[PDB]
Amino acid sequence: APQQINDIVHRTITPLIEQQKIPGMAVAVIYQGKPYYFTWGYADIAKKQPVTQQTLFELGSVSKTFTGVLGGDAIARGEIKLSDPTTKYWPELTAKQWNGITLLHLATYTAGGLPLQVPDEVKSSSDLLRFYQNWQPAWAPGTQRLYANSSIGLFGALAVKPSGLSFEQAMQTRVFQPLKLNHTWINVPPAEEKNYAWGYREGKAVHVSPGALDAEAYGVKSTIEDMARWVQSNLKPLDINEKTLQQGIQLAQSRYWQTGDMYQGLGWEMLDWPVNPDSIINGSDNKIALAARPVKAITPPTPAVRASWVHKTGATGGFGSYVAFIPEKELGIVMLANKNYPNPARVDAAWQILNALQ
Amino acid sequence: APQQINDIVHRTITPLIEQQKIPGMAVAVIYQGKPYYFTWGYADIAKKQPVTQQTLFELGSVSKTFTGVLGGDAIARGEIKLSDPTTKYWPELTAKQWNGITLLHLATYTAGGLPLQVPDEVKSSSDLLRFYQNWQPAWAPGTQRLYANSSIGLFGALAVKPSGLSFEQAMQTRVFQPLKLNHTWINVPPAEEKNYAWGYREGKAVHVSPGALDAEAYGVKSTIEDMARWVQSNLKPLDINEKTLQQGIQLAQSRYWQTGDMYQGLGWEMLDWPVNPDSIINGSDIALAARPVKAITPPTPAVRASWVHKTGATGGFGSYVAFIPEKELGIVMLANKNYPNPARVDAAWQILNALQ
Ligand SMILES: *C(=O)[C@@H](NC=O)[C@@H]1N=C(C(=O)O)/C(=C/OC(C)=O)CS1
Ligand SMILES: *C(=O)[C@@H](NC=O)[C@@H]1N=C(C(=O)O)/C(=C/OC(C)=O)CS1
């Protein structure tokens with residue numbers, strides 16, 4: 001790596017790991033379009049297995065960026081429209097509160113207060129229909145953004161209905177394969193288990209538990225190499241050969257709603273660059289990031305803005321992830337750890353690094 | 001051309017020219033991506049000059065397709081947003097009816113009843129300001145569509161302000177040049193007058209008159225070759241090398257509003273394909289039809305299975321362009337008489353339906 005990349009990464013990430021007591025960490029910096037990789041510590045503390053370029057980490061809510069782009073691709077294929085009623089694709093969802101809730105509201109957490117989590121007790125398809133049929137909204141559609149796994153989770157499940165493919169099969173064949181993400185999985189197969197990091201929570205080794213709509217909201221596992229490729233793809237979508245995927249990545253960075261200084265994409269969130277770092281740093285703390293906020297519709301949505309900070313945080317019980325990039329600067333960063341440590345500390349580190357390099 | 005293309009075109013266009021008494025016509029069929037050209041009759045009856053592939057015709061309102069694409073390319077550049085208020089780009093528009101009227105409303109005829117024509121007495125840009133300030137909407141913004149040159153014409157004018165270029169210069173540098181439309185003009189240069197057809201209105205030779213926002217709403221002249229290249233560009237925007245233009249073409253074919261079976265783009269109008277030919281044939285015809293619109297929220301990106309089209313007339317010319325992206329199929333009809341729109345649509349549908 002150029003010395004200026006090594007110096008700012010070492011000075012920022014290495015101390016963060018000490019401060020947060022992170023067992024293992026991989027970071028990619030994309031600089032003038034090319035990836036540079038850094039690794040620390042252990043994937044599995046008991047085995048003393050080092051983090052490598054092949055180590056798979058739980059991306060947690062970073063998965064929503066794959067879901068947003070898979071939906072973007074289905075729109076480009078003309079299979080779905082974000083203006084369509086949710087009930088077009090789930091004809092069994094007939095209760096009256098759903099009138100007026102569209103795929104756009106599910107994808108952007110604006111349906112009117114669908115809950116942060118799908119309840120743990122929901123296990124079957126039948127449980128899931130009953131939970132949505134029984135949900136009562138806190139606000140009208142398209143008035144309030146409330147971050148919610150049960151919102152974008154349902155979007156992803158419905159987006160793939162026209163294709164007839166399972167969500168996993170659509171994600172593999174339409175997104176992971178065309179981008180050569182060859183070590184990225186919704187369900188880690190036996191061959192990859194030896195590379196699958198353990199997460200650490202209260203010192204115990206953990207992996208995420210099965211949950212309804214887990215694949216669509218928080219279920220992707222990936223390596224630092226494949227996430228570097230994912231950043232590159234989202235930095236420069238016109239390089240992607242497959243027309244509908246190139247389109248889908250562009251649609252996932254369109255600005256659909258504005259709250260404060262952020263804009264909501266499909267999975268991705270965006271702010272103009274240069275950003276106020278205190279804004280993304282404080283905004284990432286869960287007391288703000290999970291609060292309801294009033295949205296202004298952006299009518300029609302602004303196409304992807306090059307001069308943006310585009311980012312997403314993600315956590316599972318044992319893992320904490322962050323991805324951020326600025327298309328205009330051909331610059332990005334991926335940070336994967338096998339401990340769930342506070343968001344502001346991720347955003348602050350990533351900001352220090354990217355701001356040094358632009 | 002392949003004998004089947006030849007035969008469908010000639011058995012359609014021959015009787016059209018006879019029945020409508022058209023003095024000169026040029027047609028291009030785009031079939032599997034490649035252009036095939038046909039020409040008939042006279043560009044200049046008095047001078048006995050035939051229509052050729054280099055004859056310029058007035059496109060009339062087909063010019064709005066170039067204005068919608070130039071707008072789409074300005075949005076792709078980040079210079080404007082369709083969600084911007086009009087007053088952002090013309091802050092002298094202080095009259096209170098302008099609050100809430102966006103560039104999207106201007107581009108799609110939904111501002112609330114701006115009129116079809118800018119009145120003839122509007123010359124200067126101060127007369128133009130006074131016209132817009134004094135205009136009284138019939139409706140709230142985004143509730144009814146009323147086709148209007150004064151609506152998309154102002155959109156064209158404002159969309160280029162951040163660029164710092166004249167509308168003509170932006171159109172030249174950002175659309176005509178990149179697409180090698182080198183015989184397409186807002187103002188026909190002296191060197192190209194020998195190729196400018198006359199239009200014919202009641203047997204008299206006529207050309208379009210200057211008027212305010214003419215360039216933006218109805219003032220482009222072009223050849224059948226350059227119009228075939230325009231149709232190719234709109235059929236396959238992914239082949240275009242300039243990234244903002246490729247995107248601008250896509251934005252112009254997004255579906256912003258629905259009324260009946262038709263969707264409004266930026267300049268272009270679209271229907272799902274296959275189309276009921278009655279929907280487009282009668283649909284193309286009335287001096288004012290005000291139609292309620294449903295917003296497409298958010299707009300649908302350009303749908304490949306569409307019949308995408310635009311009609312156009314000036315006092316002496318009648319033009320039509322239609323294409324179907326998923327079949328790589330298109331047609332351009334240019335004539336130097338303004339004959340009824342249903343006759344245009346009917347011919348076009350009878351040709352393209354036969355070729356797919
Ligand atoms: C995605 O990461 C998702 N959690 C998935 O398991 C979101 N991120 C959170 C976080 O940043 O920590 C969430 C914490 O939720 C709480 C504190 O209840 C949940 S939503
Ligand atoms: C463009 O062609 C424009 N005339 C410009 O000089 C419009 N042309 C019409 C037409 O195609 O005949 C118009 C019909 O008006 C309606 C009701 O759409 C509008 S003026």
# chains A, B, ... in the order shown; residues from 1 in each chain; ligands from 1
>>> interface_residues(of="chain A", to="chain B", cutoff="12 Å", atoms="only C-alpha atoms", output="ChimeraX atom specification")
/A:72-85,100-105,142,236-244,246-248,250-251,254-257,296-308
>>> residues_near_ligand(ligand="ligand 2", cutoff="10 Å", atoms="only C-alpha atoms and all ligand atoms", output="MDAnalysis selection string")
chainID B and resid 58:64 116:117 146:149 208:209 211 214 217:219 283:290 310:320 338:341
>>> select_by_dssp(residues="segment 176-210 of chain A", states="strand (DSSP E)", output="PyMOL selection string")
chain A and resi 199-201+204-206
>>> residues_near_ligand(ligand="ligand 1", cutoff="7 Å", atoms="only C-alpha atoms and all ligand atoms", output="MDAnalysis selection string")
chainID A and resid 60:62 116 148:149 218 286 313:316 343
>>> atom_distance(atom1="atom CA of residue 129 of chain B", atom2="atom CA of residue 269 of chain B")
28.5 Å
>>> atom_distance(atom1="atom CA of residue 94 of chain B", atom2="atom CA of residue 252 of chain B")
28.8 Å
